[PDB]
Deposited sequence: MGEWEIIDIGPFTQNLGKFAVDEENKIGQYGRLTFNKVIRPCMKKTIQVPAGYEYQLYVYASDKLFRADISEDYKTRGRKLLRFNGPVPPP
């Protein structure tokens, strides 16, 4: 995951209100919400929608660049690019 700083506007204040409400159903005693202060951090949970492979392919005595897509669920493969010749990496 990747992280980012977000400001403390009304959206962020409502997240704090949610936390205090949920925490009351556990019961630190009964807490009264005040405010969210900085910093506030947002972590994005990323999941694969698919993949791309980027290859250096030697074919017929030539170095080519090929890109292949792969669907994450079906794992279906498609040829995206096939350019060359290119210089060796």
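Residues 1, 29 of the deposited sequence have no C-alpha coordinates in the model.
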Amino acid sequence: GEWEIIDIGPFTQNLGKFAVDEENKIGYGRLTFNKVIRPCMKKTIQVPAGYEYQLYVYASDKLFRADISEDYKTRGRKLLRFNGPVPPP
From here on, numbers count along this sequence of modelled residues.
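For the segment pair 53-61 and 29-37, the entry gives 29-37 the higher mean B-factor, averaged over Cα atoms.
Relative to one another, 74-82 and 17-25 have unequal mean CA B-factors, and 17-25 is the one with the higher figure.
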